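**Student:** partial complex here, more coming in a sec:
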Amino acid sequence: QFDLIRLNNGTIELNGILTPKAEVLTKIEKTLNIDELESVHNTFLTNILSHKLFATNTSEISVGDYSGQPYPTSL
Amino acid sequence: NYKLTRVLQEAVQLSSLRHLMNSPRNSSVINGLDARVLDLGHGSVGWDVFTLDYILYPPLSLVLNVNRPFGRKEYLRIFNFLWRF
Amino acid sequence: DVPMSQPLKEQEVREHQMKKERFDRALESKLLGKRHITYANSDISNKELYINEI
């Protein structure tokens, strides 16, 4: 349940507020909506194209030493 | 001058006052037991210099007259006389 | 009759507490302090009663 935010400087932190462990004082699925489903699909496709053996055509690429090239170009 | 506090804790532990120091409520009674080092000049001996005291804070310092900073210091001189014995 | 010394147990307790307090104050100072001082740079106004010139 702990949705963590991780930053490029290595610093991480919980996203928002820590909810209590179902604390009760007084006395139904959790599904995904349309924008959430499209975000899930786009996240899948990005995660696949963000993988190092797919990332091409940008400056954010880390290059493989002993070739000096981006891995997908080599492959 | 700094082993004396440990000596006091141990003496309270090695005496009938240990039922008071190790009490769940009345430990504060012995919390006020402190020692004082007199000033009788050079060449003195700890026997005629060491004296016991009792550090009272309000509300009790208002009710119990102990060796107040400007009184007669009755407890101190009585303690000296009995310290001789 | 004599210039006796301050209490002993109380004296050493105070010394220990002063060590702890000095440590805590240095720690706070290193953390830019938990309390500071301010002056107010801006004031409210209401769009029902708005102004621009005299």
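**Tutor:** That came through, no problem. Residues are numbered from 1 along each chain as shown, chains lettered A, B, ... in the order given.
**Student:** contact residues of chain C facing chain B?
**Tutor:** C:1, C:2, C:3, C:4, C:5, C:6, C:7, C:8, C:9, C:10, C:12 (C-beta under 8 Å from any C-beta of the partner chain). In this view, the C-beta of every residue, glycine as well, is placed from N, C-alpha and C.
**Student:** those residues, buried ones only, as a ChimeraX selection?
**Tutor:** If you want just the buried ones from these in ChimeraX, going by 16 or more other C-beta atoms under 10 Å in any protein chain shown, the selection is:
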select /C:4,7,8,9,10,12
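**Student:** just put the residues of chain C next to chain B in CSV and tack on secondary structure and distance to residue A:69.
**Tutor:** Converted to CSV, the residues of chain C next to chain B look like this (DSSP: H, G, I helix; E, B strand; the rest coil; distance: C-beta to C-beta, whole Å):
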residue, secondary structure, distance to residue A:69
C:1, coil, 95
C:2, coil, 91
C:3, coil, 87
C:4, coil, 86
C:5, coil, 81
C:6, coil, 79
C:7, coil, 79
C:8, coil, 78
C:9, helix, 76
C:10, helix, 76
C:12, helix, 71
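**Student:** residue A:60: which of the residues of chain C next to chain B is nearest?
**Tutor:** Distance to residue A:60, by C-beta to C-beta, is smallest for residue C:12 among those, at 62.3 Å.
**Student:** OK, contacts around that closest one?
**Tutor:** B:2, B:5 (C-beta atoms under 8 Å, 6 or more residues apart in numbering or on different chains).
**Student:** TSV for the residues of chain C next to chain B, including distance to residue B:45?
**Tutor:** What follows is the residues of chain C next to chain B, written out as TSV (distance: C-beta to C-beta, whole Å):
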residue	distance to residue B:45
C:1	18
C:2	15
C:3	18
C:4	16
C:5	16
C:6	21
C:7	21
C:8	18
C:9	22
C:10	24
C:12	23
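**Student:** closest one of the residues of chain C next to chain B to residue B:33?
**Tutor:** The closest of the residues of chain C next to chain B, once distances to residue B:33 are taken by C-beta to C-beta, is residue C:9, at 7.5 Å.
**Student:** add chain D to the structure above, sequence below:
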Amino acid sequence: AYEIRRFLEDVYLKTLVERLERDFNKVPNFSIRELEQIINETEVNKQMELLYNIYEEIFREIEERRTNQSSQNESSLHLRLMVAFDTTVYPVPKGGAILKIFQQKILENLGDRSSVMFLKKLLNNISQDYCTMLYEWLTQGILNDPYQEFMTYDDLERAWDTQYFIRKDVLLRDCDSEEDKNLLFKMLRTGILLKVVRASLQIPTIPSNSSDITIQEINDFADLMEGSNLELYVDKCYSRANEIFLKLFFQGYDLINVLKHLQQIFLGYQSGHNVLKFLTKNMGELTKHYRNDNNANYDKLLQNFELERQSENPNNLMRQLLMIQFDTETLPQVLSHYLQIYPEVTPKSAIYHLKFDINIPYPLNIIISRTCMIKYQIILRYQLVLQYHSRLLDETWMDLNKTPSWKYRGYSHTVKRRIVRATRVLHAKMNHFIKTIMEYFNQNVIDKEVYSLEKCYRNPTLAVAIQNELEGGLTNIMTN
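**Tutor:** Below, chain D sits with the chains from the block before:
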């Protein structure tokens, strides 16, 4: 101003018309002297003189605050309070700065029971909304302050690292003696804890059944400010706030478990095997280069750590949040910023620069402040240095009893002594010293403070008491 206008309309103009004009139109024998007599008898002159005196006092106040522009408490630091004082002296008095004027007037009118009754009814009328705001801040932590009046206010209009301020100018008590500061900070802490409780549960208000200590509304401000009445009122509010806050943390957040995991991470408590594992997997890097060499590729260290964290328990929020870091300052130089020690007298081994930290999530950063987190971090760095040298001497004993080159019986029966026997004797002395220092530390300081803290949250009563025990334990450790 509303009371002034209601006085005029309902008393001054009523007197004027229904007496003066009706006698000027219908009553023979009326005259100017009888006009002044009628004015004096209906008390309209006395009550209007009172209102005008209050107006003149407010006017002199405004004038002072307009001309006196040449102007510029440790308890807020003795407590874990990210709160500042707002020493701004506003152009017009607000709230408490005017209720104080009214109380001063009631004092200056002592003996004129009619003037005292008038001024007391004026105060009870004016301060009703202030009592409402104070009641809300004391029972629900809500700050609805659109006119910048209340004693305290939130900054920042993600949004959880809120900082409170205290408007010194609008305070009800001057905050000079010790009991006034105690009361002021008790009010502030009551509001803060109630806001935390209300923000965690994502609710807009705290139900009145959440505690057995129920608070009534302030229906007489003059009585509340009479004497110790305000102290008891704030005491009840503080008791209810602490009860609810401690219920919430110790049940909905399992703060005992969070402290247990923090002591497992930073103290080593019941977690020696994890530290040993970390060292064995990372024994080579923490001694390399005696430093970070030209921003050395110590990213492999972070990768090892994240790999281990991937195999860590998921329900352990603290180890999920543990961030291994390489600080550019050695442990002694970090300690020199608080204690009377002396720095190195050259690069020095990488474990001396290694450190850890956790961005404690809201609300858990209310009790587990950044000060106790820095204490945890320094303690963990020291414990890591000790356990690291102990692992060094362990693996040294291993190489001295597993390499046949050292077990070999020989060496001229002279070289054997002056080399191997002296080596083993010095190594044994080093091992005994290191292990004894670590034993003393761990089971006479660290264990003592863990046990004290464990004693504290056995049915506690105040959140500030738990914070005080935690910080006192870590201070007893850091000042050891």
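**Student:** again for the contacts of residue C:12, chain D present now?
**Tutor:** B:2, B:5.
**Student:** that one and residue D:113: what is the separation?
**Tutor:** 59 Å (C-beta to C-beta, to the nearest Å).
**Student:** same check, this time on residue D:23
**Tutor:** With C-beta to C-beta as the criterion, residue D:23 and residue D:113 are 29 Å apart.
**Student:** between those two, who's got more neighbours?
**Tutor:** Set residue D:23 next to residue D:113 and count neighbours by other C-beta atoms under 10 Å in any protein chain shown: residue D:23 wins out with 16 against 9.
**Student:** give me the number of residues near the residue nearest to that one when sequence neighbours are not counted?
**Tutor:** Nearest non-adjacent residue to residue D:23, counting by C-beta to C-beta, 6 or more residues apart in numbering or on different chains: residue D:30, 4.6 Å away. Residue D:30 has 15 neighbouring residues, counting by other C-beta under 10 Å.
**Student:** now the one 5 residues further on
**Tutor:** Neighbour count for residue D:35, taken as other C-beta under 10 Å: 14.
**Student:** does it count as helix, strand or coil?
**Tutor:** Three-state assignment for residue D:35 (DSSP: H, G, I helix; E, B strand; the rest coil): helix.
**Student:** got a list of what residue D:278 touches?
**Tutor:** If you count contacts by C-beta under 8 Å, 6+ apart, then residue D:278 has residue D:308 around it.
**Student:** phi, psi of the closest residue to residue A:13 other than its chain neighbours?
**Tutor:** Excluding its sequence neighbours, the residue lying closest to residue A:13 (C-beta to C-beta, 6+ apart) is residue D:359, at 4.0 Å. Backbone torsions of residue D:359, given as degrees, to the nearest 10, read phi -80, psi 80.
**Student:** with residue A:9 instead?
**Tutor:** For residue A:9, the backbone dihedrals (degrees, to the nearest 10) come out as phi -80, psi 10.
**Student:** swap in residue D:153?
**Tutor:** phi -160, psi 150.
**Student:** surely it meets residue D:164?
**Tutor:** Yes: if you go by C-beta atoms under 8 Å, residue D:153 and residue D:164 touch, sitting 7.1 Å apart.
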